Amino acid sequence: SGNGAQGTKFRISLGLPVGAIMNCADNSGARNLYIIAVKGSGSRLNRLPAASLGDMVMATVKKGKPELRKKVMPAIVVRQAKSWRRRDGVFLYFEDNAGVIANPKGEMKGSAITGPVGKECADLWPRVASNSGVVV
Amino acid sequence: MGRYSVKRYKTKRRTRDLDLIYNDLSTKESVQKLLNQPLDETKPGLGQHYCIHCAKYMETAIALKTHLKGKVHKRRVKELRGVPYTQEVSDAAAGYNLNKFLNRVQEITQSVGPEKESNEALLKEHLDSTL
Amino acid sequence: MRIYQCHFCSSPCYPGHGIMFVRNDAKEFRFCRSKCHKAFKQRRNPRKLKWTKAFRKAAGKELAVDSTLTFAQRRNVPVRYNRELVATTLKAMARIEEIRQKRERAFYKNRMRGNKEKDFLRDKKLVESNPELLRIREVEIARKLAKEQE
Amino acid sequence: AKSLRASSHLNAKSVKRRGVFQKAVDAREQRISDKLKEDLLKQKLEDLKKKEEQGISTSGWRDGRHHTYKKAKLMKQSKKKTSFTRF
Amino acid sequence: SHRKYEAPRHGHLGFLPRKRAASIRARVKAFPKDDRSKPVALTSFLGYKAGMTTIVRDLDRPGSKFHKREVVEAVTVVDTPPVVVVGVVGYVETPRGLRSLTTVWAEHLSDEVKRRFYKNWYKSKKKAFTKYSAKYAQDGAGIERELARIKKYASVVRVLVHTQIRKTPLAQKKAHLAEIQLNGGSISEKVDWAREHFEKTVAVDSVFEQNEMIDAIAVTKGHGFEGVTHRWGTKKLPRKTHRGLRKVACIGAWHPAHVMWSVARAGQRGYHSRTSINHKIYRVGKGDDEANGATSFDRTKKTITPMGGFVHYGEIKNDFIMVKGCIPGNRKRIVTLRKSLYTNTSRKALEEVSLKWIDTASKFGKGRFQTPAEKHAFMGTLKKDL
Amino acid sequence: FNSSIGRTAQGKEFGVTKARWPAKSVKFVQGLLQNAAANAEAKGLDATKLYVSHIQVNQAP
RNA sequence: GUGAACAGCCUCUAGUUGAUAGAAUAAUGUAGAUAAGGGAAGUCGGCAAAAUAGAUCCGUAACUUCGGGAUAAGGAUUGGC
RNA sequence: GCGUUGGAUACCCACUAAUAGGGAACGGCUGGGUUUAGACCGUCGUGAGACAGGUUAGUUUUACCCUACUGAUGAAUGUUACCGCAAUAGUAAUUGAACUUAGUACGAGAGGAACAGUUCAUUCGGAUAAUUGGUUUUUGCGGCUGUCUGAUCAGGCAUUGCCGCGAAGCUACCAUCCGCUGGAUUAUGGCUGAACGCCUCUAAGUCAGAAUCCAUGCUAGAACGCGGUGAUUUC
RNA sequence: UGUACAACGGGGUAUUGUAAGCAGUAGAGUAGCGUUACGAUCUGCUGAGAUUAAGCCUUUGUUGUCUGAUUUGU
Ligand SMILES: [Mg+2]
Ligand SMILES: [Mg+2]
Ligand SMILES: [Mg+2]
Ligand SMILES: [Mg+2]
Ligand SMILES: [Mg+2]
Ligand SMILES: [Mg+2]
Ligand SMILES: [Mg+2]
Ligand SMILES: [Mg+2]
Ligand SMILES: [Mg+2]
Ligand SMILES: [Mg+2]
Ligand SMILES: [Mg+2]
Ligand SMILES: [Mg+2]
Ligand SMILES: [Mg+2]
Ligand SMILES: [Mg+2]
Ligand SMILES: [Zn+2]
Ligand SMILES: [Zn+2]
């Protein structure tokens, strides 16, 4: 479930395969993130690794500070546009896909997160929960 | 379901909501902030020439003027005339939070509405003067 | 476990049914149906769509302001559990539903008064306007009755 | 990982199985058996009330039909040479 | 030479052949191991799949992230009116296997079960078991001798029961007959139990109870002749490949000069026998309970039947079993419910289910209302009602 | 002469699965049967006791 | 009639109604379509599809044989009364 | 037994429990290649032409035969019907993490486990359709353009005309559920004990022990394997 | 020859979205003498109207139907 994650993670519908671009929801200067790998991904012939909300990915910055560019860094997915089932009994989705830059322990590089953060990701990652202003 | 509706109103191609635009127009400070924006490289027209009603950037002032002279803009202006339809309306139509909805309607009719109307009048005459 | 009302048509949203959309300002839009969700995405006006409760209240098809419609509201200040208070609330809910249904019926009855008068005037004008068809009807009546007689 | 057929996991499972899980199974068995007996008794009472309204050697053959059938079959198998155990 | 990238094979070689099942009633292939000191008990039951609905469960599961939280789950409803005991079969052990030694029937059978013995019931003189029933006269010799034979020789005792299909909404009048093993006391006590229960009914709550794991045995839904892509789950070939893309491109590139049995081929899909295990009984509903669709949290007086009835089935008017999840077979198919072959050591087999709510909205559309009173109360006064 | 013919339930009376309904053949054979009956009546034979004792099909040019 | 139009679509005069049929609706095809989230990760290669499209107005770079490039690109719009 | 990847152009990047080597060719579609006729550049040749070479364009089109394989019927051994047995054949599950054990054993420190008890997920497999999503000839309801039926009405045509919604059915790791436990063993660790007056796990005998083997469980049921049981004909 | 079967009808349950017709003093205005005439549209009667098993559920109604062929013995 990733190093720095808090506990187990139940299955969520996948929305971000490799090659997707999500927004950057933190304040570290990045504008978007390009997914190149997914942590904890399984292996199966022809199957693209994909990420859901609360997953850790390896991402590059395509738009933003040149200091942030040309570097591959961990990011944590805090919003997705693909609908997913909550166990309380509703399917739900956000407007956009969004992630935040972290280190391998899952600590936030930036100081705040703009916009809502999915409850599943916030509950999985304590530092995201500490930097979140809106938890859905 | 059909291709036209799917590719126009796909979630990744969503537009700003009408209650949010109503709140944008209600206060003078929001109006001035949206009228006078910093030079942003990634918006059309360097972030200038922004129509608040349609939440839309135009490339040029002449484009904004031709847009204001249009049935599309007038359609949006007509849409923003009434109560902005929060979840409170649906709750009250179900018969729930009725007093809250009635208080909100009274506040719109007494304070928030006429102030929004005055701001819209001032905004329209400023656009007429500068365009 | 809570019953929600649809953001579009105010219909009840039971657990598992419908879909929720979260906007970037943390506002949840719960929809009971794909029909209502697709209407919201196409940005149609619920106050103009005739099959919604928002329209029906706006146009006065059903009574919107009544003393029975004020008992149900989101309670943000909790009260400690009391068994007899729960029992009294449960009895009151059925009583309030009964009274609200009676007042709804009366409201529809008052809205539909005049219907019989309109129908009678329309029937009278049609009967006054068709003398030839009535003559045909009388001939048919007389022949059928003479057939029964003989 | 340990397979489903892993010895140490199956040993731990058997130790767990002899206790609280078997206790639950046995208690459910007793409850169900009592319900079954009450169901039979209730049927007897209903039938009794309704009728109130109205008012060993196992040697040899099973029957004569069985005697004739098996004798004819064995004679036929002898005649057609189709016996599994006899010539 | 070697395959360059590894992949697991497509499909399961232990579910072969993928042929149509020989019967619409799937066989019970194994019963639980008999414990002689235990009281007498049936090992299985017969029901009809009626449909699915949705529940809310107040979950108690220590160590789980959903501990002390509500979960929304799918359930399956099986219509189970009581079965009627009509016979007993004795089985002996032989070096060639188990052999049925003798069968004893009850004196009187209903036309419901007599129809199972006919292809053309309406034309027949209905003569089945008429001479047999005359063997119950003059102190019942023959019957007593065959029961004595069962007691003297049988190592296994099974009981012949049948469904009361006339209590279901089904158009079929011909009942389903099956053998159900008796696990319990001695052979003599098993036989005495069967003889006492001849022509009597056994209800599902005298076989199962709530919070118990059971197994569902049924024939799956048929789908006719199927291509490889959907029958086996193989990858589609590229667009406009000559002679089709719903194929396996090469069915053999190697020496045996035959097609291997392990190669995917087009054929029958569905209508196979399946035995799925460890389905938890969420509710044992009684047919005369007016609120058997209601819980301690939902105070609405309602039954289990959804508005308009179950689609293609009808209404539930008998005892029913609600198990979580899904079971093989389509609605109105006959299913066999089996007791567990082993003592389950998972804690889910120990959990006590507490339902908060049962969904009774209409399944014939996007049902928004749980009761017709609720629908009428929400909509208001209609034009015809005045 | 039945290679790759369809299967029908009306073959069960004769213990086969492959059976057909050849209308042209049946009409030609019915014509010849009616002629044979006419000839027997002209000879004075009892029509209730008549059975088909020989029937043969050969290939024409 | 629509429309710039011998376009496409519908109609009047005139002319046809010909081409083995019936019943069923498995797989695989041939011809045509739609698809959540992602958006070339597919492939030798964006092959194939999709996207664009009429008209009115605003606006239009390098380069150039000064004639072009040009419908460059990029924008605003379009019903009925 | 069980897996052994996603890309980029044999090497890298990453993910991963791991990204092991090899055979059935090298004793079905398809891209480079034998690539025939067109063409250009280079080297050689007096030349026709050839090549140290380089580049570009270039039609070969079964299956209805037998068999194998996947599924599907079916004669006959009194007839017809219901419930069963099980020879044989196949067989299936896998991997990672988490809580507790614990900040414990161990350690100057820095660090830091496991068994027993619990909870999820990966890959695979079998089902399933309550819900969400996709799909629409339900041509079910409504609308739109053009034209035609004098208008209204109700309709036709536009190779399913087009747009919105759309039940039912089908269906998706795009949805949900479910997937076990007895015997015998390998390496190895032993017991008793000779050979050999010491000794020795081995010679005779014997105890444990691997995701292994044989079973339990699961799929088919021999159309020439079998059992139990019901009825058995009035022109 | 009967909780018989079927064709219709009734009631539910779903889908769409307010039918035809008549009216108004609602309607940018324009023409003629506050009035009349045209006028996209709007409002009311009207969650109306249409559809609803073809693989939905149900049924105290109406009307009908219940009939031929072939073969099998220890
Ligand atoms: Mg691949
Ligand atoms: Mg449904
Ligand atoms: Mg053929
Ligand atoms: Mg798509
Ligand atoms: Mg590529
Ligand atoms: Mg590739
Ligand atoms: Mg150019
Ligand atoms: Mg050449
Ligand atoms: Mg075997
Ligand atoms: Mg452990
Ligand atoms: Mg599947
Ligand atoms: Mg038209
Ligand atoms: Mg020793
Ligand atoms: Mg057999
Ligand atoms: Zn605007
Ligand atoms: Zn709704």
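Chain naming here is simple, since letters A, B, ... match the order of the sequence lines and numbering starts at 1 in each. The figures that follow rest on heavy atoms only: side chains count, while hydrogens, waters and symmetry mates do not.
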Syn versus anti for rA24(G), judged by chi lying within 90° of 0?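 In terms of base orientation relative to the sugar, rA24(G) is anti.
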
Pick one for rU77(H): is it syn, with its angle within 90° of 0, or anti?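 Syn conformation for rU77(H).
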
Report which part of the nucleic acid [X] touches: base, sugar-phosphate, or nothing (heavy-atom distance under 4.0 Å, all strands).
| X | result |
| --- | --- |
| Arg56(C) | base |
| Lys332(E) | nothing |
| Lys48(C) | nothing |
| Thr130(E) | sugar-phosphate |
| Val75(E) | nothing |
| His255(E) | sugar-phosphate |

I want to check one thing: is the phosphate of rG37(G), taken as OP1 and OP2, less than 4.0 Å away from some side-chain N or O of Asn97(A)?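 Checking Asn97(A) against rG37(G): no side-chain N or O falls below 4.0 Å of OP1 or OP2.
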
Specify the separation, in whole Å, of atom [atom1] of [X] and atom [atom2] of [N].
| X | N | atom1 | atom2 | result |
| --- | --- | --- | --- | --- |
| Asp215(E) | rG126(H) | CG | P | 19 Å |
| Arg33(C) | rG164(H) | CZ | P | 19 Å |
| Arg18(E) | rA27(G) | CZ | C1' | 15 Å |

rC226(H) and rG84(H) as Watson-Crick or wobble pair, distances under 3.5 Å: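 Here the two bases pair.
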
Interatomic distance at [atom1], [N] relative to [M], whole Å:
| N | M | atom1 | answer |
| --- | --- | --- | --- |
| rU62(H) | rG42(H) | P | 46 Å |
| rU15(I) | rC177(H) | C1' | 31 Å |
| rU135(H) | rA35(G) | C1' | 7 Å |
| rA187(H) | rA220(H) | P | 41 Å |
| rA121(H) | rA175(H) | P | 13 Å |
| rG155(H) | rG142(H) | P | 9 Å |
| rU73(H) | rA92(H) | P | 29 Å |

Salt-bridge test for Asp119(C) and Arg122(C): reply yes if a basic N is under 4.0 Å from a carboxylate O, no otherwise. yes

Under-3.5 Å donor-acceptor pair between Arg239(E) side chain and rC47(G) base: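 Such a pair is found, so the answer is yes.
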
Which nucleotide in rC120(H), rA127(H), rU132(H) has an atom nearest any side-chain atom of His17(C): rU132(H)

In terms of side-chain heavy atoms of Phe225(E), which of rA168(H), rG71(H), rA220(H) is nearest?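 Looking only at side-chain atoms, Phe225(E) lies closest to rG71(H).
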
Does a sphere of radius 6.0 Å around NZ in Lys65(B) hold more than 12 heavy atoms from other residues, nucleotides or ligands, not counting ones at 6.0 Å or beyond?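 Counting other residues, nucleotides and ligands, NZ of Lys65(B) stays at 12 neighbours or fewer.
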
